[PDB]
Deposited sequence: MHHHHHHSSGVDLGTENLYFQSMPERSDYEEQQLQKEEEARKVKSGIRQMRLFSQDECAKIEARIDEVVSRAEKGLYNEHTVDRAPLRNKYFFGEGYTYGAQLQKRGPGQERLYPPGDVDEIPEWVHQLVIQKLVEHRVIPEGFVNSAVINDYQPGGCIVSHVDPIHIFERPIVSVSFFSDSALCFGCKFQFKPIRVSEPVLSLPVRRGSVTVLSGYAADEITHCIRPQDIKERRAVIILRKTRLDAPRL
């Protein structure tokens, strides 16, 4: 049975990989300049200069929503965009330093991205198993990593089983300055998550997405 389980995990991992594209697009210098602006965002949030729904604080992780943000609404799936104008606009530097570079290297089309979420993790931070809500966001899902090298996990059923019973279907290395593009199986047909032990130093990720025109709002 365990041999079968193992072969099955390998097969699923192949399928996950089919929907993953990665590249290193930001040099150490570009990363440093972007990292300084991420620190500016954190500073302005701590000064209380953003709207309430822009900033979501948790013990080992903060989220900063720009352009569009979402939350669980009263109950498609339950996630809902905030009302228009509730979250702060995407900062110019995200357009100029990050998105424009992605467009230049043909990762996404011009005018695709209208949502930018900055996730800032301290060592030990955790994200629950999830699929990016398909009734909110079009594919592909793009993420850009900063401050340190880490890992993104796919197939996250292990989160709900005892330690030593299960493991991620795929652990994907995500290096500082790398761009990760999720489509097909990887974005639609399996969960992803982050494990505390994989965050060894501060890690930040800029998640760049397109909201559906018909995405429901609160």
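Student: Need the unmodelled segments of the deposited chain, numbered from 1, in order.
Tutor: In the chain as deposited, 1 to 27, 103 to 107 carry no coordinates.
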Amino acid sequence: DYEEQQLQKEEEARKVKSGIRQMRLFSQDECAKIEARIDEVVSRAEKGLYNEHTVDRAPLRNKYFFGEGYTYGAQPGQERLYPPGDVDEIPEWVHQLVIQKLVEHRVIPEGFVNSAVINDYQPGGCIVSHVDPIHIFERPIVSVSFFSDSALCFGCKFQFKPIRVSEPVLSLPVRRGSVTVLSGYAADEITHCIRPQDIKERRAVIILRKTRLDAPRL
From here on, numbers count along this sequence of modelled residues.
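The term rigid core refers to the most C-alpha atoms you can superpose between the two forms while keeping them within 1.5 Å.
Student: Once the rigid core is lined up, would you tell me whether 181 to 189 or 163 to 171 has the higher RMS CA deviation in 8 other deposited structures of this protein?
Tutor: Once the cores are fitted, 163 to 171 deviates more in 8 other deposited structures of this protein.
Student: Which is farther from the shown form in 8 other deposited structures of this protein in C-alpha RMS with the core fitted, 103 to 111 or 122 to 130?
Tutor: Greater root mean square C-alpha distance in 8 other deposited structures of this protein: 122 to 130.
Student: Among other entries of this protein with both neighbours modelled, does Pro83 go without coordinates in a third or more of them?
Tutor: No, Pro83 is modelled in every one of the other compared entries that cover both of its flanks.
Student: Is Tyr72 one of the residues left unmodelled in a third or more of the other entries compared?
Tutor: In at least a third of the other entries, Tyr72 has no coordinates.
Student: On average, which has the higher Cα B-factor in the deposited entry, 48 to 56 or 188 to 196?
Tutor: Going by the record's values, the stretch with the higher mean is 48 to 56.
Student: Can you let me know which of the two, 143 to 151 or 84 to 92, has the higher average C-alpha B-factor in the entry?
Tutor: Result of the comparison: 84 to 92.
Student: Hey, out of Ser171, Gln159, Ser27, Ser183, whose CA B-factor is highest in the deposited coordinates?
Tutor: In this record, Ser27 carries the highest C-alpha B-factor of the candidates.
Student: Quiz for you: based on the deposited Cα B-factor, which of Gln75, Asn114, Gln100, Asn119 is highest?
Tutor: Among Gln75, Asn114, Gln100, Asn119, the PDB entry lists the largest C-alpha B-factor for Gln75.
Student: Is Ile34 in the lowest, middle or highest third of its chain when residues are ranked by C-alpha B-factor?
Tutor: Ranked within chain, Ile34 CA B lands in the middle tercile.
Student: Comparing against every modelled residue in the chain, figure out the third that the C-alpha B-factor of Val41 lands in (lowest, middle or highest).
Tutor: Middle third, going by the recorded CA B-factors of the chain.
Student: Please place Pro133 in the lowest, middle or highest third of its chain by C-alpha B factor as given in the entry.
Tutor: Its C-alpha B-factor, which the entry lists for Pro133, ranks in the middle third among residues of this chain.
Student: Consider only the C-alpha atoms of the modelled residues in this chain, order them by B-factor as the entry records it, and name the third containing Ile127: lowest, middle or highest.
Tutor: Answer is lowest: the recorded C-alpha B-factor places it there.
Student: Taking only the Cα B-factors deposited for this chain, tell me whether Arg209 sits in the lowest, middle or highest third.
Tutor: Lowest third, going by the recorded CA B-factors of the chain.
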